[PDB]
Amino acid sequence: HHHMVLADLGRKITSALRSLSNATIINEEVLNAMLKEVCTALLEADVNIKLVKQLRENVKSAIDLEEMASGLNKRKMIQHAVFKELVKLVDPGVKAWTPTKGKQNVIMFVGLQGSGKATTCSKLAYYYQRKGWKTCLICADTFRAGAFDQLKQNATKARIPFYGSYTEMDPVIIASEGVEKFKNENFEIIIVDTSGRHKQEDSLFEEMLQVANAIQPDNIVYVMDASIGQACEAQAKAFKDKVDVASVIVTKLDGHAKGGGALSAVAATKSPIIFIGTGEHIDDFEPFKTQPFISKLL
């Protein structure tokens, strides 16, 4: 109830919908003033103006205040048209990849520097661990001088089987031998962590494709820092074009107003968002279901 990670965006939208429903008479002047408050609320959440303009057109096209046939309550329709369009804004419109029970699902992780990818790997492995999946963790991370220590102690947190090496230098052979070990051990969720000290987007795609060709994963997850706002559009579009199955986890949605713009930016690229990072705890991780996400927002 507006305790959401997008609460400041929620307070502004509800007040616009609350003011509209409480209008003595509903007309186009009251409707236009409501969109102005919502369209501004989205922009202050760093939503791209192109997305905010398209939202306004979709709302006015769905509403036909001039010819209102019997039985229709406009005020309640005005609010759902806003609600229904807020769902489109954060929905990629593409069915995400899901693991198959009884099969062996290899999932590889990629992410830039300062994205929380290393800890986000632990949350997904623990997520499937509480759901009854036989899960594991592989740290194919080279040259972080502590990436394996972080997994060694983070896998300790959720008692998750982990395989990695301090000394071995090729990430391709660490992930391959890691997937080979756990595949023959009948694991259903095999999570491979790649290196996180990548600053530019091209350096990520080199290691990403090196490790992917060897282990042949069933899914590749891009972990994005939402604190960059609508600038996620460049990252989302680039990563999706260079993989077969693309999925995006968004972390650091809290502590900044740019979270709502990052979600709509990745959704605009038609990249499936599969999970949310909302804070620092290990159970602070939840899948991205758009309709419950927007309904609780309002």
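All residue numbers are counted from 1 along the displayed sequence.
Peer 1: Averaged over C-alpha atoms, is the B-factor higher for 185-193 or for 168-176 in this PDB entry?
Peer 2: Looking at the record's C-alpha B-factors, the answer is 168-176.
Peer 1: Comparing 226-234 with 57-65, where is the mean C-alpha B-factor higher?
Peer 2: Between 57-65 and 226-234, it is 57-65 that shows the higher mean C-alpha B-factor.
Peer 1: Going by the entry, which of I138, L204, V221, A125 has the most elevated CA B factor?
Peer 2: Most elevated C-alpha B-factor of the set, per the entry: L204.
Peer 1: Specify which of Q210, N105, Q79, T120 carries the largest Cα B factor in the deposited PDB entry.
Peer 2: Max CA B-factor in the entry, restricted to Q210, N105, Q79, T120: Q210.
Peer 1: Going by the CA temperature factor in the PDB record, which third of the chain does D283 belong to: lowest, middle or highest?
Peer 2: Its C-alpha B-factor, which the entry lists for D283, ranks in the highest third among residues of this chain.
Peer 1: Looking at the C-alpha B-factor of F148, is it in the lowest, middle or highest third of its chain?
Peer 2: According to the entry, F148 has a C-alpha B-factor in the chain's highest third.
Peer 1: Please place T14 in the lowest, middle or highest third of its chain by C-alpha B factor as given in the entry.
Peer 2: Lowest third, going by the recorded CA B-factors of the chain.
Peer 1: Going by what the PDB entry lists, where does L86 fall on CA B-factor within its chain: lowest, middle or highest third?
Peer 2: Tercile = lowest for this residue's CA B-factor.
Peer 1: Quick one: classify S70 as lowest, middle or highest third of the chain based on its Cα B-factor.
Peer 2: Its C-alpha B-factor, which the entry lists for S70, ranks in the highest third among residues of this chain.
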